[PDB]
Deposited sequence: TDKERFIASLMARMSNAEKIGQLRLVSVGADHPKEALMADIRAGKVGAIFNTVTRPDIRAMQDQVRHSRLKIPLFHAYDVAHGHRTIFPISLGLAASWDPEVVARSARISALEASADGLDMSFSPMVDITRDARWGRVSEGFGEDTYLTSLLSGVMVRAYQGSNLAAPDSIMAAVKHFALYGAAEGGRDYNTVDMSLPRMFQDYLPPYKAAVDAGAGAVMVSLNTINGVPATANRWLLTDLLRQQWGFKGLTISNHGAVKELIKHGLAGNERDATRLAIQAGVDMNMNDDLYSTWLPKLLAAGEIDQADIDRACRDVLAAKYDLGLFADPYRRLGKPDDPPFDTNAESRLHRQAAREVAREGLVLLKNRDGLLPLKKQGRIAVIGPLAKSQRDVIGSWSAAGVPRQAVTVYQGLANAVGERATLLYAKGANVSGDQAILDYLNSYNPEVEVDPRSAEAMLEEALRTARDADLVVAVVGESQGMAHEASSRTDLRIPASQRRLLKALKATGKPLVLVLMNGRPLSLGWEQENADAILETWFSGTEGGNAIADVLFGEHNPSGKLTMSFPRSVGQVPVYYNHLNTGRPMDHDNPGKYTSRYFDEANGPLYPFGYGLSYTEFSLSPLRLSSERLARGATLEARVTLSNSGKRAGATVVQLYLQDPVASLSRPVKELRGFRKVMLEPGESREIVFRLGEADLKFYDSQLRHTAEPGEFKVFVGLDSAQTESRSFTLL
C-alpha cells in the first residue's frame, strides 16, 4: 500500500509523453546510436536498457536521468542465460544434474556477477518444454518433462531474486518464453504452435505458472502463434490466464520487434493497429521497434485505446523499478561516486571452482565397453576432432559477457590433468562441417568456426598417423555452438558428415576409441552406439568445461548425470518422449501396431538414462498400504545399494501411471527423484510420499481432479524401468 500510494502519487504527476516513455525498452546499435539515446534519457523518453552490461557504461546513462523533469531511474537487463562472465553448462546440461541446489548455485553466481556489473534484470530462465530435437533453442531449456522443468523453473527464479528484489546482489527474473514457443511446427524457429487446451495445461504451461508462484517479477512474451493467435496480441493468454486466473502482479515484456511483426503474422494492416492490439492484450514493455512511442499518442487522441490501458502498462514498469529499489538508490548496484576504477574482465571476479563443480554433475556416460573409462594418466593419448581446442564452442549459445580466451578447452583440460605422467598427440582431424554453405552461415556475422585450409584427406592422413602413434584415441566431435542457437534448426540429428568420415577411419585402426560429444540438442548416434568403445555427453560445459571433462575421464569424478530429453534413433522418429500415450495398438513383435517398419523402434537412449563407473541395485518396491483415503498420503519404500567397487552417484526416479481415466493418460509420468551418493558396500533406504496433488490431471473441460481407481507406481534408475506396484484411491 506504501508502494501503491508512492506509484499513484508519481503517476498523478506524469504527462502522457512521460508515461509512454516508461514503456520504451531499447539497446545501443545502428537502430539507436548511443549519443541519440543519451539525449532521449535526458528528455524522459526511455524506460530501461538491455545489452549495456559494465559499471561505467550503466552509470554513464543512469547519470542522464538527472536532466529529466521527474528524474525517473532506468533499469538495465541482459541475456544472463547460463552465466554472466563465468559460464556454466547450457541449461540442458544443468538439467542433467538432477539436483536443484546445483542449478540454484549456477543461478546465484550469475546474479552475483550480473548485479556486480550493475545489471538489474536477466531475460531468464528460458523454461519452454521441448520434444522436437531439431529446434535451435532446445539447449536453453531443461528437456521434455513437465514435473522437472516446472521444479527447476522455480529454483532459477528464487536464486536470481532471493528474498529481497532490492538487495544489490539480486536481479529480477524475466521468465520466458510465454508461451508454447518450443512446440513450433517442424522444429522451425518462430513457427506455428497448434495445441488442445488439455495438453496446453497438463504439459506445456505449468513451468510458466511455477515462475509466477516463485514470484518472478517479469514475463517475456513469445513470438509464436497459439491456436492461430500471436502471443503478442493474445488477450486470452496475457489477461485471462496470466492476470485473472494466475494473479501475476508483475511486468510483461515484448520479444525483439514482436509488436511490428503482427503485420507479418497477418493480424494488423499497419504499425498503428499493431500497437493497439498489443497494448490491449496485456503487453507492458515494447522491445526495440519503438511502435509504442510513435503511435500511442494518436491511438489515445482518437479514442482507439483507453487511458486505463496506458496506465496499467506505465504502473507495471514503476512497480518493477520500485521492487528493485531504484527509487531508493538509483546507484545501489553501481557503487559510490568516489569508488575506484577496475577491470571488468579481471580473473579475480570469476568463479572457476563453482563452474568446475557444476559442470562435473551434468556430464552423462552413454557407453563404457569393458571398463575402458576411467583412463589412467600413463603413456600416449591421441586428441583428435575440431572441438578439442575450441574455446568459443565450450561456453555454448547465449554466453553473455563470457570471454572465449578465459575458457579451458578439452585439450587444455587433458594437459592440466596428466601433467607430465602421460603424452598428448593432437590432430584437428576434420573441420566441423565439409559443407561450404553451412560454414558460410556460421561465419556470416563473426568468425566462430575454425576453417583449417588443408584438404579434408590431408587432415585425415595426419589423424590416422597420430592414432597409430598412440595407445588409444579420444575424439572431440559434434556441433559448434552456432548449430544449437536461435534460428539454427536442423533437418539431420547425426554428427556433421566431415566428422563421421573421421570416426569411420579411426574405428578402422582398431585402437580403443572414446567419443567426447559437444551439442545443444539430442543427437542421432545409432552408429557410434554400436562401434565406439565409450561415449561421454558433455553438452557445452562452460568456462571450466575441459577441466570438468578431464576429472570424469580420469575418474577424479564418477559420472552421475542423466538425460532429461529422450535420444531419437533418427530425425524421422521426431517426436519421441517417455510420457507418450499407449495408443490402442501398442508395439510389444506385431506388424499392426503403432511403429515404423524401416528402423528399430524406441529412442536410442531413454529419458533419465546415464551410466556409472560403479554399479547400483534397487530392492523390491514396498507400498505402505494398497488403499489410500482422500486427503491421506502414501509411502513408497526402496533400498539403493552401491554393489560395485567405486564411490558414485545415481538418480532414483518415481513414475506414475493412471491406467483407467476419463482421458487417455501417459504410460509413465515423473512425480519424484532422489540423487544419492554411496560408498562401495553402502546401502540407503529411499522414501517417496504420494498425495492427491500427485494424482491429478486436466480432463476435456480442464477439471483438475484425481479420479478414484487404480494407480501404478514405478521406481527405477531410468524411464525404461517396466515393473510397478498398484494402489487404489477411494
Compare the deposited sequence with the modelled residues and state the ranges that are missing C-alpha positions. 589-591
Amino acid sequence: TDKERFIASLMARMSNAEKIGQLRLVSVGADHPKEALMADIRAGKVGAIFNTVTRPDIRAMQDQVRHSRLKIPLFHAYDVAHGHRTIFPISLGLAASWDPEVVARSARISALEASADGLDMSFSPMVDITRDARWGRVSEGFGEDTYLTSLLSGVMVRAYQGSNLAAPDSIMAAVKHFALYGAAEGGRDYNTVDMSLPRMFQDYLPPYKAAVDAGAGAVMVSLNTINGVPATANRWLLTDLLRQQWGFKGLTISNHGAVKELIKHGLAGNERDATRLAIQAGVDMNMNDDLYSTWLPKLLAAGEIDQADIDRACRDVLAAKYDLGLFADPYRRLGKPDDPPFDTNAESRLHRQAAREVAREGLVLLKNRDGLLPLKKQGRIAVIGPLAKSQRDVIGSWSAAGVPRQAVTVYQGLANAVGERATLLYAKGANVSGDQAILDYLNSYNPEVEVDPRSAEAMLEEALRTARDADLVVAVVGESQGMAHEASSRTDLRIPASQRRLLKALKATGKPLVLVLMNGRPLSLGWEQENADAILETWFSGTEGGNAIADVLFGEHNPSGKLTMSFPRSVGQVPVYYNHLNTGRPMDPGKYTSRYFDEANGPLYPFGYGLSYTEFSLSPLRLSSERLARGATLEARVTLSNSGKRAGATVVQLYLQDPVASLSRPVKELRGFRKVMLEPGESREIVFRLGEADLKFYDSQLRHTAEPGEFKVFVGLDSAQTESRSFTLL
From here on, numbers count along this sequence of modelled residues.
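Whichever C-alpha set is largest while still superposing within 1.5 Å between the two forms counts as the rigid core.
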With the rigid core as the fit reference, the stretch showing the greater C-alpha departure in 5 other deposited structures of this protein, 331-339 or 280-288, is 331-339
Out of 536-544 and 626-634, which one drifts farther from the shown form in 5 other deposited structures of this protein in terms of CA positions, with the fit done on the rigid core? 626-634
Within the set of other compared PDB entries, does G520 lack a model in a third or more? no
For at least a third of the other PDB entries compared, is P447 missing from the model even though its neighbours are present? no
147-155 or 614-622, whichever carries the higher mean Cα B-factor: 614-622
Greater mean Cα temperature factor according to the PDB record, 307-315 or 182-190: 307-315
Going by the deposited entry, which of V53, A661, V26, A60 has the highest CA temperature factor? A60
Highest CA B factor of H265, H177, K260, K645, as deposited, is found at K645
Going by the entry, which third of its chain does the Cα temperature factor of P606 land in? middle
Third of chain Cα B-factors occupied by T722: highest
Chain thirds of CA B-factor: placement of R454: highest
Could you say whether, by C-alpha temperature factor, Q245 belongs to the lowest, middle or highest third of its chain? lowest
Comparing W398 with the other modelled residues of its chain, is its CA B-factor in the lowest, middle or highest third? middle
